[PDB]
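> Chains as they are written, first to last, in the deposited numbering: chain A, 318 to 418, 479 to 529; chain B, 24 to 53; chain C, 1035 to 1132; chain D, 14 to 166; chain E, 122 to 157; chain F, 28 to 309, 331 to 356; chain G, 268 to 413, 419 to 533.
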RNA sequence: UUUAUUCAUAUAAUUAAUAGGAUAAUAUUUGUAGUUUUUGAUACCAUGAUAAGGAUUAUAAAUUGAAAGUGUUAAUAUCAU
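#1: Does chain C have any CB closer than 8 Å to the CB of residue 42 (chain F)?
#2: Can you list the residues of chain C that residue 383 (chain A) reaches, using a CB-CB cut of under 9 Å?
#3: Which term fits residue 1101 (chain C), buried or exposed, when burial requires 16 or more other beta carbons within 10 angstroms of its beta carbon?
#4: For the alpha helix (DSSP H) that residue 504 (chain A) lies in, which residues bound it at each end?
#5: Between which two residues does the beta strand (DSSP E) harbouring residue 504 (chain G) extend?
#6: Verify whether the separation of the beta carbon atoms of residue 384 (chain G) and residue 295 (chain G) is less than 8 Å.
#7: Please identify the residue among F:30, F:66 and F:139 whose C-alpha is closest to the C-alpha of residue 89 (chain F).
#8: At which residues does the beta strand (DSSP E) containing residue 516 (chain G) begin and terminate?
#9: What does the alpha-carbon distance come out to for the pair residue 157 (chain D) and residue 149 (chain D)?
#10: Starting from residue 91 (chain F), follow its DSSP beta bridges and name the residues at the other end.
#11: Under a CB-based cut-off of 8 Å, is residue 127 (chain E) close to chain A?
#12: May I ask you to list the residues that DSSP assigns as paired with residue 1058 (chain C)?
#13: Determine whether the beta carbon atoms of residue 426 (chain G) and residue 446 (chain G) lie at a separation below 8 Å.
#14: From the DSSP secondary-structure annotation, give me the bridge partner or partners of residue 461 (chain G).
#15: Can you pull the chain G neighbours of residue 61 (chain F), defined as C-beta to C-beta under 9 Å?
#16: Between A:349, A:490, A:409 and A:514, which has its C-alpha nearest residue 380 (chain A)'s C-alpha?
#17: Kindly say whether residue 358 (chain A), judged by its beta-carbon, lies nearer than 8 Å to any beta-carbon of chain G.
#18: Please state whether the Cβ-Cβ distance between residue 92 (chain D) and residue 36 (chain D) is less than 8 Å.
#19: Taking just the CA atoms, how far does residue 289 (chain G) sit from residue 389 (chain G)?
#20: Examine the ligand MG and report whether any of its heavy atoms sits within less than 7 Å of the Cβ of residue 378 (chain G).
#21: Measure the C-alpha to C-alpha separation of residue 401 (chain A) and residue 239 (chain F) and round it to an integer number of angstroms.
#22: Interface residues of chain C around residue 38 (chain B) at Cβ under 7 Å?
#23: Using the C-alpha atoms, what's the distance from residue 96 (chain D) back to residue 73 (chain D)?
#24: When we look at the beta-carbon of residue 223 (chain F) and count the other beta-carbons within 10 Å, is it buried (16 or more) or exposed?
#25: Is it buried or exposed for residue 526 (chain A), if we count other Cβ within 10 angstroms and need 16 for buried?
#26: Checking the sheet assignment: what are the DSSP bridge partners for residue 368 (chain G)?
#27: Out of curiosity, what's the CA-to-CA distance linking residue 103 (chain F) and residue 148 (chain F)?
#28: Are any of the Cβ atoms in chain A nearer than 8 Å to that of residue 132 (chain D)?
#29: First and last residue of the alpha helix (DSSP H) that includes residue 177 (chain F)?
#30: Count the other CB atoms, across all protein chains shown, that sit within 10 Å of the CB of residue 198 (chain F); report buried if there are 16 or more and exposed otherwise.
#31: Should residue 60 (chain D) be labelled buried (16 or more other beta-carbon atoms within 10 Å of its own) or exposed?
#32: Residue 81 (chain F) and residue 87 (chain F) - do their beta-carbons sit closer together than 8 Å?
#33: Going by DSSP in three states, residue 108 (chain D) sits in which element: helix, strand or coil?
#34: Residue 45 (chain F) versus chain C: which residues are under 9 Å apart at the beta carbon?
#35: Could you name the residues of the segment 370-387 of chain G whose beta carbon sits closer than 7 Å to any beta carbon of chain F, in the order they occur along the chain?
#36: Indicate the three-state DSSP secondary structure (helix, strand or coil) for residue 113 (chain D) in the structure shown.
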């Protein structure tokens, strides 16, 4: 009771460092609720021995953050996504937050070019294609052909 | 093709109706 | 700055991307009883432990198939199917060495 | 336009239905063939006349299935989805990963839809197994990754 | 039906029905003579 | 147009859509685990349950319906119940007898109401208040056998009376409206539908075959104007399902009902009109004064001549 | 009820306390299975499951789980339910005879269970007083380290009067947070064997242990004397942050001035 | 003389559109809303390939390795509103 009420008090706490720029941040701590309940199933603490108000908040956080394997196979169908879009379009004035309104530590003088032969291993295909007329006086430096430099 | 957003979550139902919240408030009052 | 792109996604954006998607309840994988040695592979047919891959993993399905084949098929139909040498016996020279 | 004529869409959809019928029928056809074509006894329990009667009954069951997919996979595994050009699997007229013909692969290379890296046309690319032993060695390496690394149970 | 609110056969029927007057009214009989 | 591969592939902006819009769960399919029936709330004390256990065995318990005939159940209550000296035990016993006679459709079980409960609950200003388990069972009984005794009991459940209507189930109103449409009470349809509207019941989750039967029995002109204003209280998903249900129950699927519907065309066309509306597209004295002086003018002008 | 009863019996046979609380928690149910599905466990089966679970948890000294199950039996008012089953069996026999039946206080008091518990109750009170006196003497011995301390001079239990009514008074005023008579009625049988008629000191030890487990006041009066934690202040000349000047009681150091708070 | 492909002469195959189901506070529901459904513009544009001739750099014996970039004429040819 005390731990889940501390979780619900921290999750409903508004923050002021992002100044609510996108959404409420602390709601993700309700994601801790499906973990700790499972710990209760290991601790022998019955979840039916919780008060009705805390059980309402726990079922709120459970339907916000919990899914099963059988729902996870069907929750991304386009029918349900487009029903979500249509339900936001028709009555979104009822459910919307805005519509209410070497080793470096022993390195000091680094040894460069230590005769490691790059010709024993094979990297021969290093071909590159440069645009025609880099130093040509008749071909202009600025042009739409500069867009040919970014194409792979 | 137009790209789909990979940082947009999948649309899923997480919430209750106005009637269910009203019935919860009514039962808790009782 | 004029063109600053961060190479680390900020903590607020990670928190928003975490707070929008739910959890899978079977990721907790807690276990305290043990394994059901008799029932868990013999549960109801819609949610059953379906075998995969080779035919050696299909023990019950081969048994049910053989039982169904013996159930539906009469023997008076299965008498008529003959092998190759039973047909070749009517040839005037059926047998010779290769 | 528009994408491809609808007769080719019907042809690709019939190929997909043939694949689905293969997934439907392959286990049943393989069990029926492996029972009916066995001369050794199936078990200690079923021997002699019971085994021959069971083989004749499963042969009667196997022949009675009108529409059982016994067609091999490589007979119609060269169907292209974007264009109507028919290639041959095993030659250079077909690419296996994106599963299109050489013409469609060249159009999707020149269109920029794919992310493919060009390499020299007489080398072996970059894969160390492919430079080592060729197509057969990468074939055996895919076999070793898929199956043979697991201790079967 | 979700994004556009209708389907393509109903779209073709609506397109045929919105411009019925300026598609065909008469057969335009008669003969035009040269006046200069 | 695209993102270049040498650019840093960071996330541009996070999207909080499921926390801005909290959507309730809505599927087109109904719930597979719902009871789909009228619950009685058998709340017997755990001493009479052991005592009446051979008698409660042949009675319907939770999600169990025994095949005992109702003439044996009424004979068990007629003999054994005056032996039990407890008022709430006999009332909850008769709630299971009324429920058992409803499922088997025995029309003679209303004499048990006049025998035991009528003189102390519904006769000449009775001050006693019946249990909710008893009124739910007799109203489920009178609706299942199409008994006319629902009307005196339903008028007792109002706010001046027993005030049992806020405790009614959505399936209680579903079996209610199906019986009144079968009997054809125009005032009984209006008095129930006014009560469901006042009590704030789940109007969208009433059974659709129950609504279209109760709406089919509306023929009187004053109650027909009530149905016009009342039909806006349903949702848009509901009112498009009432049209498909009304067209099927009068068309090919008319065999689903035990008694066939009567031909009410004025309610069929209005439901079909109202469902298309909710769906998207795809001074007599002064005027008569003016008429008389004009005819006066035309006779003086000669436009209306006399006999020639 | 029978499937959950056999599940609870499997949990007793496997000695799995967390699975006992799991079977009890799925017996209690939620809003979905009870109201939407309308598939809930009957009261007799709920009493049987909670009773065998409470019996095992009290037999193996699990205080919190037995306290939760006892709070469930208090909340559901199932403390006198075994008497109700006995009275119901008698009333079923009487209504098979043809006699009228009722439920009163003297109908419940006429059963052999309540009479036997009321007859035994002075022995239970004497066993509880003897066990608490031995516990207090062991606490006073272990407070010094073995001689006796002044801890066991005057304990929180008073002497029992020489009356069975005084026995009921003493059990109601020293163990009144729990229902003593219901606990003594539950502790009577053990695996079908009637302990109250056959093994008397075993039944007295079992009932005394169950009363001492379920009572919170017995848990608060049987506490070991702890040492006195003294307060402290930081040093004036700060040498360490862990070294502090301790507050000393005038019992420890005699003399000096009388101090403030 | 037999066969892999080629060629001859016999052929089968035909149409259109969605629909969410256990652990979710209650809609029983899906041969239902579709009928005159889509597969219908191969042309005379000014493309591009072929062959041919030019100049610059090595003043080192080291390096696994002294090799790389820049300009003009003839004939053939041109089917996308």
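The beta-carbon is built from N, C-alpha and C at its ideal position, and this holds for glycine as well.
To lay it out plainly:
#1: In the sixth chain, residue 42 (chain F) corresponds to position 15, counting from 1. At least one CB atom of chain C sits nearer than 8 Å to the CB of residue 42 (chain F).
#2: Sequence index remark: in the first chain, residue 383 (chain A) carries index 66 (1-based). Those are 1056, 1057, 1058 and 1059, listed as they occur along chain C.
#3: Walking along the third chain from the start, residue 1101 (chain C) turns up at place 67. That one is exposed.
#4: By one-based count along the first chain, residue 504 (chain A) stands at place 127. In the DSSP annotation of this structure, residue 504 (chain A) is not part of any alpha helix (DSSP H), being labelled neither H nor E.
#5: The count along the seventh chain starts at 1 and reaches residue 504 (chain G) at position 232. That run of the beta strand (DSSP E) goes 504-506.
#6: Counting from 1 along the seventh chain, the entry for residue 384 (chain G) is found at position 117. Counting from 1 along the seventh chain, the entry for residue 295 (chain G) is found at position 28. Not in contact: residue 384 (chain G) and residue 295 (chain G) (Cβ atoms no closer than 8 Å).
#7: Here residue 89 (chain F) is taken as the residue at index 62 of the sixth chain, counted from 1. Closest in alpha carbon position to residue 89 (chain F), among F:30, F:66 and F:139, is F:66.
#8: Mapped onto the seventh chain, residue 516 (chain G) falls at position 244. Annotation: the continuous beta strand (DSSP E) that includes residue 516 (chain G) extends over 516-518.
#9: Start at 1 with the first residue of the fourth chain, and residue 157 (chain D) comes out as number 144. Start at 1 with the first residue of the fourth chain, and residue 149 (chain D) comes out as number 136. A straight-line Cα-Cα distance of about 12 Å links residue 157 (chain D) and residue 149 (chain D).
#10: Locating residue 91 (chain F) in the sixth chain gives position 64, where the first residue counts as 1. Residue 91 (chain F) is bridged to F:88.
#11: As a first step, residue 127 (chain E) is located in the fifth chain; it is residue number 6 there, counting from the start. It does not: the Cβ of residue 127 (chain E) has no partner Cβ on chain A nearer than 8 Å.
#12: The residue given as residue 1058 (chain C) occupies position 24 in the third chain. DSSP, once it has assigned bridges, lists A:384 as partnering residue 1058 (chain C).
#13: Translated into the one-based positions of the seventh chain, residue 426 (chain G) becomes position 154. Translated into the one-based positions of the seventh chain, residue 446 (chain G) becomes position 174. No, the pair does not count as a contact, with Cβ atoms beyond the cut-off.
#14: As a position in the seventh chain, residue 461 (chain G) is number 189, starting the count at 1. Per DSSP, G:466.
#15: As a working mapping, residue 61 (chain F) is identified with position 34 in the sixth chain. Going along chain G in sequence order, the residues near residue 61 (chain F) (Cβ under 9 Å) are 303, 304 and 305.
#16: Along the first chain, read from residue 1 onward, the residue named residue 380 (chain A) stands at position 63. Put simply, of A:349, A:490, A:409 and A:514 the residue whose alpha carbon is nearest the alpha carbon of residue 380 (chain A) is A:349.
#17: Within the first chain, numbered from 1, the residue matching residue 358 (chain A) stands at position 41. At least one CB of chain G lies nearer than 8 Å to the CB of residue 358 (chain A).
#18: The residue labelled residue 92 (chain D) in the question sits at position 79 within the fourth chain. The residue labelled residue 36 (chain D) in the question sits at position 23 within the fourth chain. No; because the gap between Cβ atoms is not below 8 Å, this pair is not in contact.
#19: Along the seventh chain, one-based indexing puts residue 389 (chain G) at 122. Along the seventh chain, one-based indexing puts residue 289 (chain G) at 22. Going by the C-alpha atoms only, they are around 37 Å apart.
#20: What this structure holds is no ligand at all, so the ligand MG is not there to describe.
#21: Locating residue 401 (chain A) in the first chain gives position 84, where the first residue counts as 1. Locating residue 239 (chain F) in the sixth chain gives position 212, where the first residue counts as 1. When rounded, the separation of the alpha-carbon atoms in residue 401 (chain A) and residue 239 (chain F) is 29 Å.
#22: Position 15 of the second chain, counting from 1, holds the residue named residue 38 (chain B). Ordered by position in chain C, no residue passes the 7 Å Cβ test against residue 38 (chain B), which lies about 12 Å from the chain.
#23: As a first step, residue 73 (chain D) is located in the fourth chain; it is residue number 60 there, counting from the start. As a first step, residue 96 (chain D) is located in the fourth chain; it is residue number 83 there, counting from the start. In a straight line, the C-alpha of residue 73 (chain D) is about 43 Å away from that of residue 96 (chain D).
#24: By 1-based counting over the sixth chain, the position of residue 223 (chain F) is 196. Buried, by the Cβ-count rule.
#25: Locating residue 526 (chain A) in the first chain gives position 149, where the first residue counts as 1. The residue in question, residue 526 (chain A), is exposed, as its Cβ has fewer than 16 Cβ neighbours within 10 Å.
#26: Locating residue 368 (chain G) in the seventh chain gives position 101, where the first residue counts as 1. Paired residue(s): F:111.
#27: Here residue 103 (chain F) refers to the residue found at position 76 when the sixth chain is read from its first residue. Here residue 148 (chain F) refers to the residue found at position 121 when the sixth chain is read from its first residue. Using only the alpha carbons, I get a separation of about 23 Å.
#28: As a working mapping, residue 132 (chain D) is identified with position 119 in the fourth chain. For residue 132 (chain D), a Cβ of chain A is located within less than 8 Å of the residue's own Cβ.
#29: If you number the sixth chain from 1, residue 177 (chain F) lands on position 150. Note, residue 177 (chain F): alpha helix (DSSP H), 177-181.
#30: The residue given as residue 198 (chain F) occupies position 171 in the sixth chain. That one is buried.
#31: To locate residue 60 (chain D), count along the fourth chain from 1; it is residue 47. With fewer than 16 other Cβ atoms inside 10 Å of its own Cβ, residue 60 (chain D) counts as exposed.
#32: Sequence index remark: in the sixth chain, residue 87 (chain F) carries index 60 (1-based). Sequence index remark: in the sixth chain, residue 81 (chain F) carries index 54 (1-based). For residue 87 (chain F) and residue 81 (chain F), no; Cβs fall outside 8 Å.
#33: Counted from its first residue, the fourth chain places residue 108 (chain D) at position 95. Correct three-state label for residue 108 (chain D): strand.
#34: Taking the sixth chain and counting its residues from 1, one reaches residue 45 (chain F) at position 18. Within chain C, 1053, 1054, 1055 and 1056 have C-beta atoms less than 9 Å from the C-beta of residue 45 (chain F), given in sequence order.
#35: Per Cβ criterion, the list reads 370.
#36: Walking along the fourth chain from the start, residue 113 (chain D) turns up at place 100. Residue 113 (chain D) falls in the strand class under three-state DSSP.
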